[PDB]
């Protein structure tokens, strides 16, 4: 769905804005690198707990993450 694609898009977009590799985000989020690469391809099985770990590894607040997601849905769906 658009939602599942854009959860993945927003993760990747923030990661790269911050100059972080997948390897860096894995370390900071406490999730292994293959998990990160998978959820950036398809977010279907990403859990709320893992998403919170990823937001902490990205050093973005949940509010800001969710607001970027909403903007992506409004402007592109």
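The term rigid core refers to the most C-alpha atoms you can superpose between the two forms while keeping them within 1.5 Å. Numbering follows the first chain given and starts at 1.
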- Message: After superposing on the rigid core, which of 38-46 and 23-31 has its C-alpha atoms sitting farther from this form in 6 other deposited structures of this protein?
- Response: 38-46
- Stretch with the higher entry mean CA B-factor, where the candidates are 1-9 and 66-74: 1-9
- Note on the structure: Binned into thirds over the chain's modelled residues, the C-alpha B-factor of residue 50 lands in the lowest
- Relative to the other modelled residues in the chain, which third contains the C-alpha temperature factor of residue 25: lowest, middle or highest? lowest
